Amino acid sequence: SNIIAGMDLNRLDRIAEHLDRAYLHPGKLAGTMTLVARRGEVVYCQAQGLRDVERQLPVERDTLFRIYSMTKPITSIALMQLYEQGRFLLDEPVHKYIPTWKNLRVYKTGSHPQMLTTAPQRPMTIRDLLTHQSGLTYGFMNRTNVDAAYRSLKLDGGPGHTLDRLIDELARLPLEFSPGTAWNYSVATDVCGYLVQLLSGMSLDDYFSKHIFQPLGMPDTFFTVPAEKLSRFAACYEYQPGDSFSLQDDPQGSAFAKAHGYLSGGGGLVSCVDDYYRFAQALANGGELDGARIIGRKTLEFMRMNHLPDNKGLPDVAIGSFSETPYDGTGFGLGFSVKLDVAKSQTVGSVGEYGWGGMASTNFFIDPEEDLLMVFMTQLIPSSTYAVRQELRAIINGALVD
Amino acid sequence: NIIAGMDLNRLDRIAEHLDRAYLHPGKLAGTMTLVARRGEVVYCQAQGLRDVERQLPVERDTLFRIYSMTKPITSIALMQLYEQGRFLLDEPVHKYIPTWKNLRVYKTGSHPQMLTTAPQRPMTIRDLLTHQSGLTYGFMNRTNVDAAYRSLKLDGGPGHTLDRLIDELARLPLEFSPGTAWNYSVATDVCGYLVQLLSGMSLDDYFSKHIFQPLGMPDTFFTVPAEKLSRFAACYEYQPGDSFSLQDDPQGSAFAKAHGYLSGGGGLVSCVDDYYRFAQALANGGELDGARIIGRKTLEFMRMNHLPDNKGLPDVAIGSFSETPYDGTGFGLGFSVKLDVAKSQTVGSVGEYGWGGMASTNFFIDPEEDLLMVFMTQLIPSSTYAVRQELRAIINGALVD
Amino acid sequence: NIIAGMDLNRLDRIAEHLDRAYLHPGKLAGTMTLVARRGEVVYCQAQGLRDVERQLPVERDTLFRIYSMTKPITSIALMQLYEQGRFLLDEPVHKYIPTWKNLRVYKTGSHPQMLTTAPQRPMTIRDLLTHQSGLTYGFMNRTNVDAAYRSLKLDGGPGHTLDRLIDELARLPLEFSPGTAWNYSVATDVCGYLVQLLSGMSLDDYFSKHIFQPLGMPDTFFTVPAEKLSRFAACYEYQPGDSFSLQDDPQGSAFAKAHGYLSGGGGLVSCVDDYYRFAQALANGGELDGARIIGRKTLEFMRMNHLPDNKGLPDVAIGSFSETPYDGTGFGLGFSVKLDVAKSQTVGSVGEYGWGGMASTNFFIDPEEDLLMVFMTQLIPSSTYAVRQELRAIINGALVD
Amino acid sequence: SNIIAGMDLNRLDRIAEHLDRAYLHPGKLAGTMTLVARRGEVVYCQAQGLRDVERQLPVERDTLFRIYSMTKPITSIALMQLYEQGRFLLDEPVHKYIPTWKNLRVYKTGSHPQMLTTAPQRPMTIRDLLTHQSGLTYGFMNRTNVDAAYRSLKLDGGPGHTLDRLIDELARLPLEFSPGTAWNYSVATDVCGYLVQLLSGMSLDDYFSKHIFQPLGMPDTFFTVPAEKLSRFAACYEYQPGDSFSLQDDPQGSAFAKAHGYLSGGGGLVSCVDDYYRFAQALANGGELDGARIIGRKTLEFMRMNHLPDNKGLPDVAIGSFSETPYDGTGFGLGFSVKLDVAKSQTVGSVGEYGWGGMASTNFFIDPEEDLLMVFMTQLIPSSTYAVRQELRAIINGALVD
Ligand SMILES: [Cl-]
């Protein structure tokens with residue numbers, strides 16, 4: 001009956017019905033913003049529930065969200081813009097650009113600050129940073145003496161924390177493994193942000209603004225929410241037992257509203273669905289939207305390939321929660337996950353489906369076989385809580401009536 | 001004489017073959033064969049008798065027990081709910097059936113004193129849809145677990161309901177740790193139970209509303225209505241010397257009573273027109289004459305090999321599905337999938353998908369050739385003859401484009 | 001000048017090459033070469049002598065012993081019956097030849113006191129069509145089994161018939177358990193026997209009715225008629241110093257007598273136009289000028305690699321077919337199949353299919369390029385020269401689209 | 001927006017900017033000539049810096065360059081022209097054509113002239129020569145007692161050296177390994193030139209001229225620079241510590257300006273960017289340019305395939321520097337490298353990218369997926385010094401905007 005770009009709109013209304021019945025009415029999520037587009041046409045756009053439960057404020061199309069690690073693909077594009085200019089090669093050692101990192105060694109044993117280390121088989125490369133194969137980690141991993149050291153030095157964030165500090169402190173810490181020999185989610189992408197600053201001579205907020213946000217028409221994407229846009233800023237909620245949630249970040253008096261001087265290429269950005277849609281749609285088009293190009297078509301193709309050894313999936317190389325069943329049949333390129341094997345993933349989709357998510361359960365994907373994309377925004381830490389991103393794929397794929 | 005790149009003179013070899021090899025020598029009672037390509041019916045032939053005792057001929061409208069050709073219908077029903085966000089394939093079954101949380105794996109002993117081991121992981125919905133759950137069937141007659149099924153009549157009996165099947169399965173061991181092997185099973189009856197649980201409808205009402213009414217299938221049901229019983233075929237079973245005996249009289253059949261068991265695994269009676277319309281809808285990507293039963297992409301997903309590491313049934317199956325005729329065939333979400341034509345030793349295309357019934361009913365869809373067959377007879381068991389392979393030889397042989 | 005994307009000036013390199021490398025130096029008596037692409041004959045050249053002794057030139061209409069280029073014809077004949085539902089490839093041979101039920105595998109001893117072991121499984125029709133049955137050839141001269149073939153004259157002799165071949169094979173051991181290796185064999189003579197058994201026709205009449213008359217092949221037969229004997233080439237055999245000697249005088253040849261043996265493996269005499277029409281029919285998916293010899297799909301099935309796990313001949317073959325020239329080549333139902341071009345070390349396409357004759361006759365069809373060659377000479381054995389590879393180099397080199 | 005053949009010309013200007021900033025201004029290279037073409041349109045052609053620093057002569061479009069091992073693909077085509085005529089088969093033993101080579105054995109131990117040897121598994125084939133799998137080597141390898149023997153016999157070049165001498169001396173030397181069991185860069189291609197002469201009955205310079213250069217319109221490609229073209233001949237420079245260079249060959253009084261007796265099918269040719277462009281463009285077209293055909297379309301397809309065993313890459317079979325990380329995901333056919341795996345190469349491009357380079361850092365590639373090619377000329381020995389060929393791929397691939 002009502003069909004746009006080979007999608008049945010009546011079937012897509014199942015998105016709203018599902019989010020109501022499974023998340024909003026039972027009080028598992030505060031509110032959602034969902035956008036679906038196919039062949040450059042927005043076929044679905046729905047705000048549901050509340051951006052701020054305490055103040056009884058609804059989710060609107062223009063609501064601002066902490067996108068967290070959905071920052072990573074933006075940083076990754078920023079650095080590959082410089083690749084396109086001949087500025088570095090992926091197989092170059094990081095220490096060429098960060099000479100204090102030349103003597104990075106691998107964790108053997110001991111607690112910070114008396115950690116013993118072994119020689120790595122080879123130096124860390126830029127490709128290792130872009131693929132989380134460098135041996136770096138994250139404080140929040142809470143798994144090893146290396147991430148214990150990150151937490152004691154506040155490398156994930158803290159008062160006075162800057163990228164210059166992150167790089168200075170990382171120069172003196174051990175890696176989890178010899179670069180390239182495993183996969184571990186990490187501050188690597190914050191380091192990628194540091195390299196964008198080093199190579200461009202710009203601060204990461206200015207690079208992003210000049211080379212990505214202004215050209216794509218993304219006026220509502222920033223590291224610091226301006227005072228006049230704070231009314232639009234969603235609260236962040238965290239999971240509580242019984243599939244409930246509590247306030248985790250009040251938008252009035254948030255760290256995201258202060259210009260605190262850490263620009264996290266890994267998870268710093270606040271955005272909205274229109275801004276992230278324009279970014280995603282540019283990628284879906286081969287790097288161009290409405291006359292503005294943020295990356296070469298071929299460079300993006302390269303970023304979308306599986307960059308793991310021997311075309312393995314995350315579970316074959318990952319040392320954390322990324323080794324679990326939901327990452328079965330999914331690889332990783334230069335800042336995107338890549339679906340390798342649909343049946344193995346146990347989730348409907350296409351080979352080559354690429355995207356990433358945020359800690360607060362934000363998610364996007366681009367299916368290059370179907371010319372289809374989704375941007376999903378909510379604020380519920382952590383993103384491991386619910387499989388809503390998989391239920392949305394079920395509904396969206398189910399609406400294809402080609 | 002050519003329709004849709006098929007030679008009709010070559011297809012007449014179907015009737016000639018079934019006459020000479022099965023009907024004239026008294027191996028089968030009667031047959032109904034339909035072939036379609038590119039949405040055109042190119043062959044449709046009733047032969048022999050639906051009821052030998054009453055000397056009643058097979059007609060186009062004859063009703064047949066399709067048995068496990070019910071399974072793809074149940075599988076579509078459940079994946080309709082997948083399309084609505086109602087469950088995920090990698091979710092544990094025990095999320096929806098909480099009494100199943102502590103299912104364990106058979107180690108040793110006879111029912112009711114079977115010793116068990118902890119499974120590596122809980123059973124998933126994908127395990128049920130792929131027969132990798134560890135469930136079995138009474139009729140397997142291979143293990144102490146299927147002995148227990150037979151002693152509890154889980155395959156069918158007086159007062160038997162889906163609620164009973166699920167209650168009794170909660171207290172039985174699995175053949176193996178979920179996902180680690182393949183074994184043909186009551187899993188699909190459980191899938192029917194899940195359609196009821198998720199839809200809040202009884203399976204007969206769900207099927208009727210969401211599949212049979214939309215596709216125009218008025219002659220498909222769990223219970224044959226009294227006014228259609230005249231069209232109902234007898235069922236026959238194999239006898240030594242390639243003969244057969246009466247196994248179910250259509251007058252006084254259990255299929256004519258509304259007993260309480262709706263078997264998503266093998267309950268349905270249908271006819272060639274009804275199953276044709278179902279098959280044609282699948283061949284079209286889930287739509288027929290403006291009615292859609294499933295998304296094009298969801299069906300594509302169901303048609304994929306869902307066995308580990310793209311293995312064939314013989315690499316994972318523990319039973320008769322491990323034998324040479326399943327070489328080069330995988331399994332998705334209620335369909336077999338041809339992986340390797342030469343290895344199968346049977347002409348066809350990669351991606352040929354379908355399934356069969358215990359009484360030797362068979363259908364396939366070749367998505368490369370846009371070709372499908374529905375074959376109906378009533379001869380238990382389906383392992384008796386290789387007629388479905390002879391039919392593929394003839395049908396594939398008739399492609400002249 | 002270019003026809004069907006081939007440069008004719010580049011194709012003239014064929015004549016120049018055969019002159020310079022074979023004819024002028026006295027390595028071959030004479031050659032007939034035909035090349036076609038997209039159904040157009042782009043090259044047709046007779047060179048040198050059909051009969052050196054009588055100073056008779058090769059003409060377009062010269063008749064040649066094509067030997068094992070008979071095999072694809074027999075293979076098509078048997079798969080015609082497959083298309084009619086007459087057998088399945090995974091059926092035991094002993095279903096049709098019941099005296100073969102107890103065939104065993106050679107362990108040790110000389111004929112007639114050979115000791116044997118139980119095969120893992122009975123021989124199948126697919127084993128016969130793929131030379132994986134365990135049968136062999138007298139001329140192999142490698143084992144006590146082929147010694148027994150030679151002592152019983154199973155490859156040919158006075159009074160020898162297919163009925164005799166089948167009777168004597170019933171009492172001999174196999175080289176290996178059916179399907180577990182590949183060995184060039186009398187299997188295809190047995191395939192001819194099965195065509196007779198299933199059709200109720202003698203093989204010469206089946207071929208004539210179902211292949212030669214429909215394709216317009218009036219110059220293909222087991223016996224050269226008296227009035228065509230003037231067109232019959234002499235056969236030559238290799239002599240040291242890259243020379244040759246008379247091996248078969250066309251006047252007083254066994255090919256001119258109607259003895260009782262119809263060899264589906266190597267009996268036929270043909271000419272380049274007849275074999276061209278056969279090859280072109282295959283290249284077209286089994287049809288030429290309104291006559292169809294096989295279904296498009298059946299042929300596709302025959303052209304697939306039927307060896308285990310898509311292996312090449314060297315991974316399974318026990319003889320000279322295991323050597324470097326068969327690297328990257330598989331085998332289907334009477335055709336070799338190129339699997340890996342670089343590994344073959346010879347220009348061509350994946351899927352290139354064909355076969356050759358012991359007197360160095362050769363044909364191939366490249367389904368990627370829609371290209372085929374028929375090459376006729378009479379020089380036993382076909383292992384002597386790599387002319388078939390030089391011709392592929394030149395023919396592939398002439399593609400300019 | 002200035003676009004030709006789906007290439008952004010403004011993005012291609014990044015080539016000049018990059019070569020200036022990274023190589024020319026800092027004194028790492030003397031001068032460069034860069035050409036890029038896509039779909040038979042030349043989209044970039046820029047001379048930069050100096051062909052002769054001492055004489056302060058600029059690089060011009062028509063400057064002549066020592067292309068060195070970019071000779072090899074030309075020799076490889078020359079020999080496969082004869083394959084197309086039925087003159088030999090790839091699986092024929094070399095000793096069929098060079099009977100003194102029948103008893104070549106494999107190095108076990110000892111110094112020249114008392115080297116002990118073992119029986120090879122099989123004789124060397126023509127395919128082994130075309131793929132550098134023969135067991136031959138090069139004097140300059142400086143790795144084994146076999147290459148020590150080459151240096152002591154001057155097989156790479158010397159006064160009075162001829163192909164007849166190379167073949168006579170190789171008949172008496174051991175191989176590095178049993179033919180076909182490994183890969184080692186070698187004089188094999190000089191031997192291929194010898195076989196072109198043997199099979200054609202022409203001297204290699206005359207064969208090339210008649211069967212390649214005249215038909216393609218390449219008037220500025222030769223083994224000897226004619227006196228009237230010597231004014232156009234670049235100086236050759238070699239690397240010096242601190243990313244500097246010294247004069248290695250004065251164009252006035254170069255061996256390349258004398259008609260000495262050695263025609264090196266492996267590295268003898270001088271060319272210019274227009275001539276090599278026309279050769280490369282002919283290959284990109286399936287072996288034809290402006291009505292002249294140098295090779296059959298299908299023969300070239302065959303030459304472009306990976307000819308290494310089991311579709312392995314160079315690092316899985318190579319015994320030298322070709323076993324290192326920059327050859328990861330690249331195979332070898334009949335005189336071309338072939339990209340097998342783009343992600344594994346860590347360098348943007350397409351599967352099937354084919355080409356080769358010269359000792360003085362000349363490079364070309366053809367991308368048959370993108371219908372794109374580059375010819376890069378400079379004179380800096382050795383070619384292992386800088387990763388400029390990879391930086392150029394980054395920039396050129398980044399300019400694809402269709
Ligand atoms: Cl549509």
Side-chain angles (χ1 to χ4, degrees), chain A residues 69-84 88-92 124-134 136 179-180 182-186 188-189 191-193 195-196 265-266 279-280 282-287 294-318 322-323 326-342 344-345 349-357 363-369 373, chain D residues 328-329 339-351 393-394 397-398 400:
Chain A
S69 292
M70 271 162 65
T71 301
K72 292 192 160 72
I74 294 169
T75 308
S76 291
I77 288 289
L79 186 57
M80 294 303 290
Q81 284 174 343
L82 295 160
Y83 180 72
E84 287 181 336
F88 68 89
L89 298 162
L90 291 178
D91 50 351
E92 279 175 337
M124 186 191 292
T125 68
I126 298 187
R127 219 274 286 268
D128 299 330
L129 289 178
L130 278 164
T131 59
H132 295 282
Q133 292 178 109
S134 70
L136 296 170
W183 187 100
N184 183 65
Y185 202 44
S186 72
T189 306
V191 176
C192 285
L195 287 176
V196 169
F279 177 67
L283 297 186
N285 291 344
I294 55 154
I295 199 83
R297 192 255 299 160
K298 197 64 178 184
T299 312
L300 178 48
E301 172 184 318
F302 185 47
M303 293 173 76
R304 293 201 291 112
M305 293 178 179
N306 188 15
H307 277 255
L308 301 181
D310 300 315
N311 193 48
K312 289 168 161 174
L314 279 163
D316 301 315
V317 294
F322 285 97
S323 69
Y327 286 101
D328 286 345
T330 299
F332 201 82
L334 306 185
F336 306 103
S337 62
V338 195
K339 187 152 283 189
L340 310 174
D341 186 334
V342 173
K344 188 170 182 187
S345 74
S350 306
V351 177
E353 185 196 299
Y354 67 103
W356 203 237
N363 190 257
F364 86 104
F365 74 85
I366 301 156
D367 173 349
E369 179 182 319
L373 62 87
Chain D
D328 286 345
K339 188 152 281 188
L340 309 174
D341 186 333
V342 172
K344 189 172 185 162
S345 73
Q346 305 194 55
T347 311
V348 64
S350 305
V351 179
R393 283 161 166 78
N397 281 280
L400 290 158

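Reminder, nothing fancy here: chain letters follow the sequence lines and each chain counts from 1.
Contact check for A/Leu82 versus A/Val196: side-chain heavy atoms found under the 4.5 Å cut-off. Looking at heavy atoms from C-beta onward, A/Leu129 lies in side-chain contact with A/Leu136 at the 4.5 angstrom threshold. Between A/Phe365 and A/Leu373, every side-chain heavy-atom pair lies at or beyond the 4.5 Å cut-off. Within the 4.5 Å cutoff, the side chain of A/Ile295 has heavy atoms near those of the A/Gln81 side chain.
Atom CZ of A/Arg297 sits about 14.5 Å away from atom CG of A/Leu283, to the nearest 0.5 Å. Rounded to the nearest 0.5 angstrom, A/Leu90 CG and A/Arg127 CZ are separated by 7.0 Å. The CG atom of A/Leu300 sits 10.0 Å away from the CE atom of A/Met305 when rounded to the nearest 0.5 Å. Residue D/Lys344 holds its NZ atom at 11.0 Å from CG of A/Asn311, rounded to the nearest 0.5 Å. Rounding to the nearest 0.5 Å places CD of A/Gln133 at 10.0 Å from NE2 of A/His307.
Remark: side-chain polar atoms of A/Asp316 are paired, donor with acceptor, to backbone N or O of A/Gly313 under 3.5 angstrom. Side chain of A/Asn306 to backbone of A/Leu308: a donor-acceptor contact under 3.5 angstrom is found. Of the possible polar contacts, one joining the A/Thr125 side chain to the A/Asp128 backbone as a donor-acceptor pair under 3.5 Å is found. Formation of a donor-acceptor pair under 3.5 Å by the A/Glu84 side chain with backbone atoms of A/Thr299 is not found in this model.
Residues that satisfy the salt bridge (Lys or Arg N to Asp or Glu O under 4.0 Å) test with A/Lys298, not counting sequence neighbours, are A/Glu301, D/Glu369, D/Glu370. For A/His132, the side chain to side chain donor-acceptor pair (under 3.5 Å) partners two or more places apart in sequence, or in a different chain, are A/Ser186, A/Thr189. Residues that satisfy the side chain to side chain donor-acceptor pair (under 3.5 Å) test with D/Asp341, not counting sequence neighbours, are absent from this structure. The salt bridge (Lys or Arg N to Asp or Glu O under 4.0 Å) search around A/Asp367 returns none, not counting sequence neighbours.
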Using residues 69-80 of chain A as the side-chain source, report each donor-acceptor pair under 3.5 Å to any protein atom, sequence neighbours left out, with the distance given to one decimal.
unit_1: A/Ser69; atom_1: OG; unit_2: A/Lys72; atom_2: NZ; d: 2.7
unit_1: A/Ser69; atom_1: OG; unit_2: A/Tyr185; atom_2: OH; d: 2.7
unit_1: A/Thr71; atom_1: OG1; unit_2: A/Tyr68; atom_2: O; d: 2.6
unit_1: A/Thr71; atom_1: OG1; unit_2: A/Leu269; atom_2: N; d: 3.2
unit_1: A/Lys72; atom_1: NZ; unit_2: A/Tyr138; atom_2: OH; d: 2.9
unit_1: A/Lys72; atom_1: NZ; unit_2: A/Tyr185; atom_2: OH; d: 3.0
unit_1: A/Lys72; atom_1: NZ; unit_2: A/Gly266; atom_2: O; d: 3.0
unit_1: A/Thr75; atom_1: OG1; unit_2: A/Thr71; atom_2: O; d: 3.2
unit_1: A/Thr75; atom_1: OG1; unit_2: A/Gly265; atom_2: O; d: 2.7
unit_1: A/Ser76; atom_1: OG; unit_2: A/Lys72; atom_2: O; d: 2.9

Scan the side chains in residues 326-340 of chain A for donor-acceptor partners under 3.5 Å anywhere in the protein, sequence neighbours excluded, and list what turns up.
unit_1: A/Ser337; atom_1: OG; unit_2: A/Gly355; atom_2: O; d: 3.1
unit_1: A/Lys339; atom_1: NZ; unit_2: A/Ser345; atom_2: OG; d: 3.1
unit_1: A/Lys339; atom_1: NZ; unit_2: A/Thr347; atom_2: O; d: 3.2

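For the pair A/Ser323 and A/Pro315, the tightest heavy-atom approach, listed with the atom from each and the gap, is O-CB, 3.4 Å. The two atoms that bring A/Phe364 and A/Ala280 nearest to each other are CD1-CB, 4.3 Å, heavy atoms only. Contact record, A/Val342 with A/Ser350: CG2-C, 3.7 Å, taken as the closest heavy-atom pair. A/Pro368 and A/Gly352 get closest at one heavy-atom pair: CD-O, 3.4 Å.
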Going through the distances and angles, do A/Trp356 and A/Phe322 end up as a ring pair (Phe, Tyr, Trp, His ring centres under 6.0 Å)?
CA-CA 12 Å; A/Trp356 203 237; A/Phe322 285 97; 5.7 Å; yes
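A ring-centre distance under 6.0 Å is found for A/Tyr83 and A/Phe88.
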